[PDB]
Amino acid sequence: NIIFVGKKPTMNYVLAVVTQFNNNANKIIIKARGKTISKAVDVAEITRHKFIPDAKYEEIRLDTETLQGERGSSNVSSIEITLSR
(Lines of atoms letter the chains of each structure in order from A and count residues from 1; the text may use other names and numbers.)
(Lines give C-alpha, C1' and ligand atoms only; values in the text may rest on other atoms or scores of the structure.)
Protein backbone atom coordinates (compact mmCIF):
# COMPACT_ATOMS: atom_id res chain seq x y z
CA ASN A 1 0.00 0.00 0.00
CA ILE A 2 3.12 2.16 -0.10
CA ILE A 3 4.46 3.77 -3.25
CA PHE A 4 8.19 4.52 -3.19
CA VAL A 5 8.69 7.27 -5.71
CA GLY A 6 11.96 6.84 -7.58
CA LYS A 7 13.42 7.34 -11.05
CA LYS A 8 10.61 6.09 -13.38
CA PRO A 9 8.44 8.62 -15.26
CA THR A 10 5.97 10.36 -13.00
CA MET A 11 2.85 8.85 -14.60
CA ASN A 12 3.93 5.33 -13.56
CA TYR A 13 3.53 6.41 -9.99
CA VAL A 14 0.24 8.17 -10.69
CA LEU A 15 -0.93 4.89 -12.23
CA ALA A 16 0.18 2.87 -9.20
CA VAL A 17 -1.87 5.23 -7.01
CA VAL A 18 -4.99 5.03 -9.20
CA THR A 19 -4.76 1.25 -9.58
CA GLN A 20 -4.71 0.83 -5.83
CA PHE A 21 -7.69 3.14 -5.20
CA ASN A 22 -9.72 1.06 -7.68
CA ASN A 23 -8.99 -2.10 -5.66
CA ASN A 24 -10.52 -0.20 -2.75
CA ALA A 25 -7.59 0.61 -0.53
CA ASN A 26 -8.88 3.48 1.59
CA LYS A 27 -5.42 5.05 2.26
CA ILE A 28 -2.39 5.40 -0.02
CA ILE A 29 1.08 6.43 1.15
CA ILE A 30 3.51 8.11 -1.20
CA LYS A 31 7.12 8.20 0.02
CA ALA A 32 10.27 9.83 -1.38
CA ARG A 33 13.75 11.01 -0.33
CA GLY A 34 16.14 13.75 -1.45
CA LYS A 35 15.69 15.24 -4.90
CA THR A 36 12.61 13.13 -5.66
CA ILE A 37 10.57 14.85 -2.94
CA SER A 38 9.64 17.22 -5.80
CA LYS A 39 8.41 14.33 -7.88
CA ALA A 40 6.38 12.81 -5.02
CA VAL A 41 4.52 16.14 -4.69
CA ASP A 42 3.90 16.11 -8.47
CA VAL A 43 2.54 12.53 -8.28
CA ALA A 44 0.03 13.51 -5.62
CA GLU A 45 -0.94 16.74 -7.31
CA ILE A 46 -1.50 15.23 -10.74
CA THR A 47 -3.49 12.46 -9.15
CA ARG A 48 -5.95 14.80 -7.45
CA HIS A 49 -6.26 17.16 -10.42
CA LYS A 50 -6.75 14.90 -13.33
CA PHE A 51 -7.42 11.39 -12.05
CA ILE A 52 -9.00 10.98 -8.60
CA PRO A 53 -10.84 14.36 -8.35
CA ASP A 54 -12.03 13.46 -4.83
CA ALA A 55 -8.61 12.58 -3.30
CA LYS A 56 -7.71 14.54 -0.16
CA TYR A 57 -4.53 14.96 1.90
CA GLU A 58 -4.93 12.94 5.09
CA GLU A 59 -1.45 13.88 6.35
CA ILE A 60 2.01 15.00 5.22
CA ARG A 61 5.11 14.07 7.27
CA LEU A 62 8.56 15.54 6.79
CA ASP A 63 11.61 13.77 8.31
CA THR A 64 15.34 13.26 8.01
CA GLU A 65 16.83 9.81 7.45
CA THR A 66 20.39 8.85 8.46
CA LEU A 67 22.92 7.61 5.89
CA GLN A 68 26.08 5.47 6.23
CA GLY A 69 28.90 7.97 6.17
CA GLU A 70 32.40 9.19 5.75
CA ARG A 71 32.95 12.30 7.87
CA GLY A 72 31.29 15.22 6.07
CA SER A 73 28.76 12.87 4.38
CA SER A 74 25.07 13.89 4.43
CA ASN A 75 21.77 12.58 5.61
CA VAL A 76 18.59 13.00 3.60
CA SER A 77 15.16 14.64 3.78
CA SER A 78 12.07 12.49 3.32
CA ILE A 79 8.33 12.99 2.75
CA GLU A 80 5.41 10.70 3.38
CA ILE A 81 2.08 11.81 1.82
CA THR A 82 -1.15 10.04 2.81
CA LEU A 83 -4.14 10.21 0.47
CA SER A 84 -7.75 9.08 0.91
CA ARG A 85 -11.40 9.28 -0.38
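All residue numbers are counted from 1 along the displayed sequence.
Of the two segments, 51 to 59 and 37 to 45, the one listed with the higher mean B-factor is 51 to 59 (C-alpha atoms only).
In the PDB entry, a CA B factor belonging to the middle third of its chain's modelled residues is recorded for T82. Per-chain ranking of the deposited C-alpha B factor places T10 in the lowest third. Per the PDB record, residue ranking by Cα B-factor puts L67 in the highest third of the chain. Among the modelled residues of its chain, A16 has a C-alpha B-factor that falls in the lowest third, as given in the PDB entry.
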